[PDB]
$ cat my_file-v2.tsv   # TSV, C-alpha atoms and all ligand atoms
chain	number	residue	atom	x	y	z
Y	16	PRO	CA	-2.33	-18.61	56.60
Y	17	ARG	CA	-1.53	-19.42	60.23
Y	18	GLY	CA	-0.76	-19.55	62.95
Y	19	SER	CA	2.45	-18.90	64.88
Y	20	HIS	CA	6.01	-20.24	64.93
Y	21	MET	CA	4.82	-22.36	62.02
Y	22	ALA	CA	4.21	-19.22	59.97
Y	23	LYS	CA	7.94	-18.52	59.79
Y	24	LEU	CA	8.51	-21.86	58.07
Y	25	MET	CA	5.66	-21.41	55.59
Y	26	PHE	CA	6.36	-17.88	54.31
Y	27	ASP	CA	9.84	-16.52	53.62
Y	28	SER	CA	8.92	-14.39	50.60
Y	29	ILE	CA	6.23	-11.74	50.26
Y	30	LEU	CA	4.92	-9.86	47.23
Y	31	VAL	CA	3.09	-6.62	48.03
Y	32	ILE	CA	0.77	-5.64	45.20
Y	33	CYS	CA	-1.14	-2.49	44.25
Y	34	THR	CA	-2.24	-0.80	41.02
Y	35	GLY	CA	0.50	1.57	39.85
Y	36	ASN	CA	3.28	0.30	42.12
Y	37	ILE	CA	4.37	3.83	43.05
Y	38	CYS	CA	2.18	4.60	46.07
Y	39	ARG	CA	0.65	1.85	48.20
Y	40	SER	CA	2.78	-1.27	47.62
Y	41	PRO	CA	6.13	0.56	47.73
Y	42	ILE	CA	5.28	1.80	51.24
Y	43	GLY	CA	3.93	-1.55	52.41
Y	44	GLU	CA	7.05	-3.30	51.13
Y	45	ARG	CA	9.41	-1.02	53.07
Y	46	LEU	CA	7.26	-1.27	56.20
Y	47	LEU	CA	7.39	-5.07	56.14
Y	48	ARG	CA	11.09	-5.06	55.24
Y	49	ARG	CA	12.31	-3.51	58.49
Y	50	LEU	CA	9.82	-5.59	60.47
Y	51	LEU	CA	10.88	-8.81	58.74
Y	52	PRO	CA	14.56	-8.19	57.86
Y	53	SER	CA	15.09	-11.89	57.12
Y	54	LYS	CA	12.32	-12.21	54.53
Y	55	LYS	CA	12.27	-11.46	50.81
Y	56	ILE	CA	9.87	-8.53	50.37
Y	57	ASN	CA	9.14	-7.08	46.92
Y	58	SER	CA	6.29	-5.28	45.17
Y	59	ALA	CA	4.42	-5.05	41.87
Y	60	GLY	CA	1.39	-3.46	40.23
Y	61	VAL	CA	-1.50	-5.00	38.31
Y	62	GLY	CA	-1.44	-1.87	36.16
Y	63	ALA	CA	2.02	-0.66	37.12
Y	64	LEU	CA	3.84	2.40	35.83
Y	65	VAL	CA	6.92	0.46	34.79
Y	66	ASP	CA	10.30	2.01	35.64
Y	67	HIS	CA	8.63	4.97	37.36
Y	68	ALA	CA	10.10	6.11	40.67
Y	69	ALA	CA	7.85	6.24	43.73
Y	70	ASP	CA	5.18	8.94	43.63
Y	71	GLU	CA	6.28	12.31	45.03
Y	72	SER	CA	3.47	12.36	47.60
Y	73	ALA	CA	4.21	8.80	48.72
Y	74	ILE	CA	7.88	9.70	49.14
Y	75	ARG	CA	7.05	12.66	51.38
Y	76	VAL	CA	5.23	10.48	53.90
Y	80	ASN	CA	6.70	8.38	59.62
Y	81	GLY	CA	10.31	8.40	58.47
Y	82	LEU	CA	11.20	5.59	56.07
Y	83	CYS	CA	12.90	5.94	52.69
Y	84	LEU	CA	11.74	4.50	49.37
Y	85	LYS	CA	15.27	3.93	48.08
Y	86	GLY	CA	15.80	2.60	44.57
Y	87	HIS	CA	12.15	1.77	43.98
Y	88	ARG	CA	10.98	1.31	40.40
Y	89	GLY	CA	7.56	0.40	39.01
Y	90	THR	CA	7.16	-3.33	38.43
Y	91	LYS	CA	4.51	-5.08	36.35
Y	92	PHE	CA	2.84	-8.05	38.01
Y	93	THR	CA	3.21	-11.33	36.09
Y	94	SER	CA	2.44	-14.98	36.78
Y	95	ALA	CA	6.16	-15.64	36.34
Y	96	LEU	CA	6.83	-13.25	39.22
Y	97	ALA	CA	4.10	-14.72	41.44
Y	98	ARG	CA	5.88	-18.05	41.11
Y	99	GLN	CA	8.71	-16.61	43.20
Y	100	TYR	CA	6.71	-15.73	46.32
Y	101	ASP	CA	5.02	-17.68	49.12
Y	102	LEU	CA	2.65	-14.88	50.05
Y	103	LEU	CA	0.92	-12.21	47.99
Y	104	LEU	CA	-0.66	-9.18	49.66
Y	105	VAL	CA	-2.98	-6.94	47.65
Y	106	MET	CA	-4.36	-3.58	48.74
Y	107	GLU	CA	-7.69	-3.58	46.94
Y	108	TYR	CA	-10.16	-6.46	46.69
Y	109	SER	CA	-10.36	-5.85	42.95
Y	110	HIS	CA	-6.70	-6.87	42.79
Y	111	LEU	CA	-7.53	-10.40	43.95
Y	112	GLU	CA	-9.92	-10.77	41.03
Y	113	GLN	CA	-7.36	-9.34	38.62
Y	114	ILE	CA	-4.76	-11.69	40.11
Y	115	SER	CA	-6.89	-14.79	39.54
Y	116	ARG	CA	-7.18	-13.55	35.96
Y	117	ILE	CA	-3.44	-13.03	35.49
Y	118	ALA	CA	-2.07	-15.83	37.70
Y	119	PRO	CA	-4.61	-18.59	38.53
Y	120	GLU	CA	-2.05	-20.59	40.53
Y	121	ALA	CA	-1.19	-17.63	42.76
Y	122	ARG	CA	-4.73	-16.90	43.95
Y	123	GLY	CA	-4.49	-19.68	46.53
Y	124	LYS	CA	-1.58	-17.89	48.19
Y	125	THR	CA	-2.82	-14.30	48.03
Y	126	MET	CA	-4.50	-12.31	50.80
Y	127	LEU	CA	-5.25	-8.65	51.50
Y	128	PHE	CA	-2.64	-6.33	52.93
Y	129	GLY	CA	-4.20	-5.35	56.25
Y	130	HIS	CA	-6.21	-8.55	56.51
Y	131	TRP	CA	-6.42	-8.05	60.28
Y	135	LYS	CA	-10.04	-3.95	55.29
Y	136	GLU	CA	-8.71	-2.95	51.87
Y	137	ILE	CA	-6.48	0.09	51.37
Y	138	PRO	CA	-7.72	3.00	49.17
Y	139	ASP	CA	-5.80	4.31	46.16
Y	140	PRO	CA	-4.17	7.62	47.21
Y	141	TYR	CA	-2.87	8.36	43.70
Y	142	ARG	CA	-3.52	11.98	42.73
Y	143	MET	CA	-4.95	12.95	46.13
Y	144	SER	CA	-4.27	15.31	49.03
Y	145	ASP	CA	-1.48	14.79	51.55
Y	146	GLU	CA	-4.14	14.02	54.16
Y	147	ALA	CA	-5.21	11.05	52.04
Y	148	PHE	CA	-1.62	9.81	51.93
Y	149	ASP	CA	-1.40	10.06	55.73
Y	150	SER	CA	-4.64	8.17	56.38
Y	151	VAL	CA	-3.48	5.52	53.91
Y	152	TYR	CA	0.02	5.43	55.38
Y	153	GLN	CA	-1.43	4.91	58.86
Y	154	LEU	CA	-3.44	2.00	57.47
Y	155	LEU	CA	-0.29	0.55	55.89
Y	156	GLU	CA	1.74	0.86	59.09
Y	157	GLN	CA	-0.76	-0.83	61.42
Y	158	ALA	CA	-1.53	-3.41	58.74
Y	159	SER	CA	2.20	-4.05	58.45
Y	160	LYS	CA	2.44	-4.50	62.22
Y	161	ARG	CA	-0.39	-7.04	62.46
Y	162	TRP	CA	1.31	-9.02	59.68
Y	163	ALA	CA	4.72	-8.85	61.37
Y	164	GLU	CA	3.36	-10.44	64.55
Y	165	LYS	CA	1.30	-12.99	62.63
Y	166	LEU	CA	4.49	-14.08	60.86
Y	167	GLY	CA	6.88	-13.85	63.81
Z	1	NI	NI	7.07	6.15	31.53
$ encode --input "my_file-v2.tsv" --output "structure tokens" --more "lines below"
Ligand code: NI
Amino acid sequence: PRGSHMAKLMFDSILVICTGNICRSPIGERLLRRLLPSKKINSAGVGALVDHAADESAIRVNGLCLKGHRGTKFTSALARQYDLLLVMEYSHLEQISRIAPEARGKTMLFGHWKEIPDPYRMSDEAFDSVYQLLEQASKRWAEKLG
């Protein structure tokens, strides 16, 4: 979990997790990717829309592209491939413990330095407020990991 130059040794892979894997986690993944170019950053959804491209609204919103993103179901097998798991909603943690018991010990909230709301099927203003949350949350994580 901490706390400096040591963090770079402990976490080289990060799994960003939301519900549908077409709004929140796609954005968070891309944000962390250009902040941590050396790390393995992917995403999944506890109730993902498998093989679905990123949501239209999420795509619209700063200026970063969601290139080649497809919906990915979260599985214990997948958790086994990542040092750190970041979830958007607190409910995800509980659903993670249920799906992958071994992963719970290595999962925290995206924006640990409050949870991020589900923008799915909401106004563009909601996507902006959420995006803002994702960006600043992604920055606090970038510094806390080098
Ligand atoms: Ni479909």
$ closest_residue --input "my_file-v2.tsv" --among "Y:46, Y:54, Y:66, Y:129" --to "ligand NI 1 (chain Z)" --atoms "all atoms listed in the file"
Y:66
$ residues_near_ligand --input "my_file-v2.tsv" --ligand "ligand NI 1 (chain Z)" --cutoff "7 Å" --atoms "all atoms listed in the file" --output "list in words"
residues 64, 65, 66 and 67 of chain Y
$ closest_atom_pairs --input "my_file-v2.tsv" --of "region 62-165 of chain Y" --to "region 37-43 of chain Y" --cutoff "12 Å" --atoms "only C-alpha atoms" --output "CSV"
residue,atom,partner,partner_atom,distance
Y:62,CA,Y:37,CA,10.7
Y:63,CA,Y:37,CA,7.8
Y:64,CA,Y:37,CA,7.4
Y:65,CA,Y:37,CA,9.3
Y:66,CA,Y:37,CA,9.7
Y:67,CA,Y:37,CA,7.2
Y:68,CA,Y:37,CA,6.6
Y:69,CA,Y:37,CA,4.3
Y:70,CA,Y:37,CA,5.2
Y:71,CA,Y:38,CA,8.8
Y:72,CA,Y:38,CA,8.0
Y:73,CA,Y:38,CA,5.4
Y:74,CA,Y:38,CA,8.2
Y:75,CA,Y:38,CA,10.8
Y:76,CA,Y:42,CA,9.1
Y:80,CA,Y:42,CA,10.7
Y:81,CA,Y:42,CA,11.0
Y:82,CA,Y:42,CA,8.5
Y:83,CA,Y:42,CA,8.8
Y:84,CA,Y:41,CA,7.0
Y:85,CA,Y:41,CA,9.7
Y:86,CA,Y:41,CA,10.4
Y:87,CA,Y:41,CA,7.2
Y:88,CA,Y:37,CA,7.6
Y:89,CA,Y:37,CA,6.2
Y:90,CA,Y:37,CA,9.0
Y:91,CA,Y:37,CA,11.1
Y:92,CA,Y:40,CA,11.8
Y:103,CA,Y:40,CA,11.1
Y:104,CA,Y:40,CA,8.9
Y:105,CA,Y:40,CA,8.1
Y:106,CA,Y:39,CA,7.4
Y:107,CA,Y:39,CA,10.0
Y:127,CA,Y:40,CA,11.6
Y:128,CA,Y:43,CA,8.1
Y:129,CA,Y:43,CA,9.8
Y:136,CA,Y:39,CA,11.1
Y:137,CA,Y:39,CA,8.0
Y:138,CA,Y:39,CA,8.5
Y:139,CA,Y:39,CA,7.2
Y:140,CA,Y:38,CA,7.1
Y:141,CA,Y:38,CA,6.7
Y:142,CA,Y:38,CA,9.9
Y:143,CA,Y:38,CA,11.0
Y:147,CA,Y:38,CA,11.5
Y:148,CA,Y:38,CA,8.7
Y:149,CA,Y:39,CA,11.3
Y:150,CA,Y:39,CA,11.6
Y:151,CA,Y:39,CA,7.9
Y:152,CA,Y:42,CA,7.6
Y:153,CA,Y:43,CA,10.6
Y:154,CA,Y:43,CA,9.6
Y:155,CA,Y:43,CA,5.9
Y:156,CA,Y:43,CA,7.4
Y:157,CA,Y:43,CA,10.2
Y:158,CA,Y:43,CA,8.6
Y:159,CA,Y:43,CA,6.8
Y:160,CA,Y:43,CA,10.4
Y:162,CA,Y:43,CA,10.7
Y:163,CA,Y:43,CA,11.6
$ write_last_selection --input "my_file-v2.tsv" --atoms "C-alpha atoms" --output "PDB file, in the frame of the given file"
ATOM      1  CA  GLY Y  62      -1.440  -1.870  36.160  1.00  0.00           C
ATOM      2  CA  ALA Y  63       2.020  -0.660  37.120  1.00  0.00           C
ATOM      3  CA  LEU Y  64       3.840   2.400  35.830  1.00  0.00           C
ATOM      4  CA  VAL Y  65       6.920   0.460  34.790  1.00  0.00           C
ATOM      5  CA  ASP Y  66      10.300   2.010  35.640  1.00  0.00           C
ATOM      6  CA  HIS Y  67       8.630   4.970  37.360  1.00  0.00           C
ATOM      7  CA  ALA Y  68      10.100   6.110  40.670  1.00  0.00           C
ATOM      8  CA  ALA Y  69       7.850   6.240  43.730  1.00  0.00           C
ATOM      9  CA  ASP Y  70       5.180   8.940  43.630  1.00  0.00           C
ATOM     10  CA  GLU Y  71       6.280  12.310  45.030  1.00  0.00           C
ATOM     11  CA  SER Y  72       3.470  12.360  47.600  1.00  0.00           C
ATOM     12  CA  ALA Y  73       4.210   8.800  48.720  1.00  0.00           C
ATOM     13  CA  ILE Y  74       7.880   9.700  49.140  1.00  0.00           C
ATOM     14  CA  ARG Y  75       7.050  12.660  51.380  1.00  0.00           C
ATOM     15  CA  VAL Y  76       5.230  10.480  53.900  1.00  0.00           C
ATOM     16  CA  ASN Y  80       6.700   8.380  59.620  1.00  0.00           C
ATOM     17  CA  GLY Y  81      10.310   8.400  58.470  1.00  0.00           C
ATOM     18  CA  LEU Y  82      11.200   5.590  56.070  1.00  0.00           C
ATOM     19  CA  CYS Y  83      12.900   5.940  52.690  1.00  0.00           C
ATOM     20  CA  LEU Y  84      11.740   4.500  49.370  1.00  0.00           C
ATOM     21  CA  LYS Y  85      15.270   3.930  48.080  1.00  0.00           C
ATOM     22  CA  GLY Y  86      15.800   2.600  44.570  1.00  0.00           C
ATOM     23  CA  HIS Y  87      12.150   1.770  43.980  1.00  0.00           C
ATOM     24  CA  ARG Y  88      10.980   1.310  40.400  1.00  0.00           C
ATOM     25  CA  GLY Y  89       7.560   0.400  39.010  1.00  0.00           C
ATOM     26  CA  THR Y  90       7.160  -3.330  38.430  1.00  0.00           C
ATOM     27  CA  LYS Y  91       4.510  -5.080  36.350  1.00  0.00           C
ATOM     28  CA  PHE Y  92       2.840  -8.050  38.010  1.00  0.00           C
ATOM     29  CA  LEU Y 103       0.920 -12.210  47.990  1.00  0.00           C
ATOM     30  CA  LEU Y 104      -0.660  -9.180  49.660  1.00  0.00           C
ATOM     31  CA  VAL Y 105      -2.980  -6.940  47.650  1.00  0.00           C
ATOM     32  CA  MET Y 106      -4.360  -3.580  48.740  1.00  0.00           C
ATOM     33  CA  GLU Y 107      -7.690  -3.580  46.940  1.00  0.00           C
ATOM     34  CA  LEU Y 127      -5.250  -8.650  51.500  1.00  0.00           C
ATOM     35  CA  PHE Y 128      -2.640  -6.330  52.930  1.00  0.00           C
ATOM     36  CA  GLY Y 129      -4.200  -5.350  56.250  1.00  0.00           C
ATOM     37  CA  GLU Y 136      -8.710  -2.950  51.870  1.00  0.00           C
ATOM     38  CA  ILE Y 137      -6.480   0.090  51.370  1.00  0.00           C
ATOM     39  CA  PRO Y 138      -7.720   3.000  49.170  1.00  0.00           C
ATOM     40  CA  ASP Y 139      -5.800   4.310  46.160  1.00  0.00           C
ATOM     41  CA  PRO Y 140      -4.170   7.620  47.210  1.00  0.00           C
ATOM     42  CA  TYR Y 141      -2.870   8.360  43.700  1.00  0.00           C
ATOM     43  CA  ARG Y 142      -3.520  11.980  42.730  1.00  0.00           C
ATOM     44  CA  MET Y 143      -4.950  12.950  46.130  1.00  0.00           C
ATOM     45  CA  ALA Y 147      -5.210  11.050  52.040  1.00  0.00           C
ATOM     46  CA  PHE Y 148      -1.620   9.810  51.930  1.00  0.00           C
ATOM     47  CA  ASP Y 149      -1.400  10.060  55.730  1.00  0.00           C
ATOM     48  CA  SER Y 150      -4.640   8.170  56.380  1.00  0.00           C
ATOM     49  CA  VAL Y 151      -3.480   5.520  53.910  1.00  0.00           C
ATOM     50  CA  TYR Y 152       0.020   5.430  55.380  1.00  0.00           C
ATOM     51  CA  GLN Y 153      -1.430   4.910  58.860  1.00  0.00           C
ATOM     52  CA  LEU Y 154      -3.440   2.000  57.470  1.00  0.00           C
ATOM     53  CA  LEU Y 155      -0.290   0.550  55.890  1.00  0.00           C
ATOM     54  CA  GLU Y 156       1.740   0.860  59.090  1.00  0.00           C
ATOM     55  CA  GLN Y 157      -0.760  -0.830  61.420  1.00  0.00           C
ATOM     56  CA  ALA Y 158      -1.530  -3.410  58.740  1.00  0.00           C
ATOM     57  CA  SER Y 159       2.200  -4.050  58.450  1.00  0.00           C
ATOM     58  CA  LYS Y 160       2.440  -4.500  62.220  1.00  0.00           C
ATOM     59  CA  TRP Y 162       1.310  -9.020  59.680  1.00  0.00           C
ATOM     60  CA  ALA Y 163       4.720  -8.850  61.370  1.00  0.00           C
TER      61      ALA Y 163
END
$ residues_around --input "my_file-v2.tsv" --residues "residue 113 (chain Y)" --least-positions-apart "2" --cutoff "12 Å" --atoms "only C-alpha atoms" --output "ChimeraX atom specification"
/Y:32-34,60-62,92-94,105,107-111,115-119,121-122,125
$ atom_distance --input "my_file-v2.tsv" --atom1 "CA of residue 36 (chain Y)" --atom2 "CA of residue 24 (chain Y)"
27.8 Å
$ atom_distance --input "my_file-v2.tsv" --atom1 "CA of residue 22 (chain Y)" --atom2 "CA of residue 45 (chain Y)"
20.1 Å
$ closest_residue --input "my_file-v2.tsv" --among "Y:120, Y:164, Y:101, Y:112" --to "residue 25 (chain Y)" --atoms "all atoms listed in the file"
Y:101
$ atom_distance --input "my_file-v2.tsv" --atom1 "CA of residue 165 (chain Y)" --atom2 "CA of residue 35 (chain Y)"
27.0 Å
$ build_atoms --input "my_file-v2.tsv" --residues "region 98-115 of chain Y" --atoms "N, CA and C atoms" --output "PDB file, in the coordinates of the input"
ATOM      1  N   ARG Y  98       5.292 -16.739  40.888  1.00  0.00           N
ATOM      2  CA  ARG Y  98       5.880 -18.050  41.110  1.00  0.00           C
ATOM      3  C   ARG Y  98       7.076 -17.996  42.058  1.00  0.00           C
ATOM      4  N   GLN Y  99       7.524 -16.786  42.376  1.00  0.00           N
ATOM      5  CA  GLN Y  99       8.710 -16.610  43.200  1.00  0.00           C
ATOM      6  C   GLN Y  99       8.390 -16.191  44.638  1.00  0.00           C
ATOM      7  N   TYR Y 100       7.115 -16.229  45.011  1.00  0.00           N
ATOM      8  CA  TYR Y 100       6.710 -15.730  46.320  1.00  0.00           C
ATOM      9  C   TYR Y 100       5.675 -16.610  47.025  1.00  0.00           C
ATOM     10  N   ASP Y 101       5.903 -16.848  48.312  1.00  0.00           N
ATOM     11  CA  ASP Y 101       5.020 -17.680  49.120  1.00  0.00           C
ATOM     12  C   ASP Y 101       3.717 -16.966  49.414  1.00  0.00           C
ATOM     13  N   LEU Y 102       3.813 -15.667  49.666  1.00  0.00           N
ATOM     14  CA  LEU Y 102       2.650 -14.880  50.050  1.00  0.00           C
ATOM     15  C   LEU Y 102       2.486 -13.661  49.157  1.00  0.00           C
ATOM     16  N   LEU Y 103       1.244 -13.393  48.770  1.00  0.00           N
ATOM     17  CA  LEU Y 103       0.920 -12.210  47.990  1.00  0.00           C
ATOM     18  C   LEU Y 103      -0.100 -11.352  48.731  1.00  0.00           C
ATOM     19  N   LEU Y 104       0.261 -10.105  49.015  1.00  0.00           N
ATOM     20  CA  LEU Y 104      -0.660  -9.180  49.660  1.00  0.00           C
ATOM     21  C   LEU Y 104      -1.110  -8.085  48.710  1.00  0.00           C
ATOM     22  N   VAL Y 105      -2.417  -7.989  48.499  1.00  0.00           N
ATOM     23  CA  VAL Y 105      -2.980  -6.940  47.650  1.00  0.00           C
ATOM     24  C   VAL Y 105      -3.681  -5.900  48.510  1.00  0.00           C
ATOM     25  N   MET Y 106      -3.752  -4.675  48.001  1.00  0.00           N
ATOM     26  CA  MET Y 106      -4.360  -3.580  48.740  1.00  0.00           C
ATOM     27  C   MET Y 106      -5.866  -3.582  48.557  1.00  0.00           C
ATOM     28  N   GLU Y 107      -6.287  -3.690  47.302  1.00  0.00           N
ATOM     29  CA  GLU Y 107      -7.690  -3.580  46.940  1.00  0.00           C
ATOM     30  C   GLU Y 107      -8.263  -4.950  46.584  1.00  0.00           C
ATOM     31  N   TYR Y 108      -9.519  -5.180  46.952  1.00  0.00           N
ATOM     32  CA  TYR Y 108     -10.160  -6.460  46.690  1.00  0.00           C
ATOM     33  C   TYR Y 108     -10.197  -6.755  45.197  1.00  0.00           C
ATOM     34  N   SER Y 109     -10.326  -5.705  44.395  1.00  0.00           N
ATOM     35  CA  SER Y 109     -10.360  -5.850  42.950  1.00  0.00           C
ATOM     36  C   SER Y 109      -9.073  -6.490  42.431  1.00  0.00           C
ATOM     37  N   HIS Y 110      -7.986  -6.300  43.170  1.00  0.00           N
ATOM     38  CA  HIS Y 110      -6.700  -6.870  42.790  1.00  0.00           C
ATOM     39  C   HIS Y 110      -6.738  -8.391  42.823  1.00  0.00           C
ATOM     40  N   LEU Y 111      -7.385  -8.949  43.841  1.00  0.00           N
ATOM     41  CA  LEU Y 111      -7.530 -10.400  43.950  1.00  0.00           C
ATOM     42  C   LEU Y 111      -8.136 -10.967  42.675  1.00  0.00           C
ATOM     43  N   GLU Y 112      -9.191 -10.315  42.200  1.00  0.00           N
ATOM     44  CA  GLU Y 112      -9.920 -10.770  41.030  1.00  0.00           C
ATOM     45  C   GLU Y 112      -9.068 -10.628  39.773  1.00  0.00           C
ATOM     46  N   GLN Y 113      -8.246  -9.584  39.747  1.00  0.00           N
ATOM     47  CA  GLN Y 113      -7.360  -9.340  38.620  1.00  0.00           C
ATOM     48  C   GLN Y 113      -6.153 -10.277  38.693  1.00  0.00           C
ATOM     49  N   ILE Y 114      -5.850 -10.745  39.900  1.00  0.00           N
ATOM     50  CA  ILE Y 114      -4.760 -11.690  40.110  1.00  0.00           C
ATOM     51  C   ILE Y 114      -5.163 -13.084  39.633  1.00  0.00           C
ATOM     52  N   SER Y 115      -6.371 -13.507  39.995  1.00  0.00           N
ATOM     53  CA  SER Y 115      -6.890 -14.790  39.540  1.00  0.00           C
ATOM     54  C   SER Y 115      -6.892 -14.824  38.017  1.00  0.00           C
TER      55      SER Y 115
END
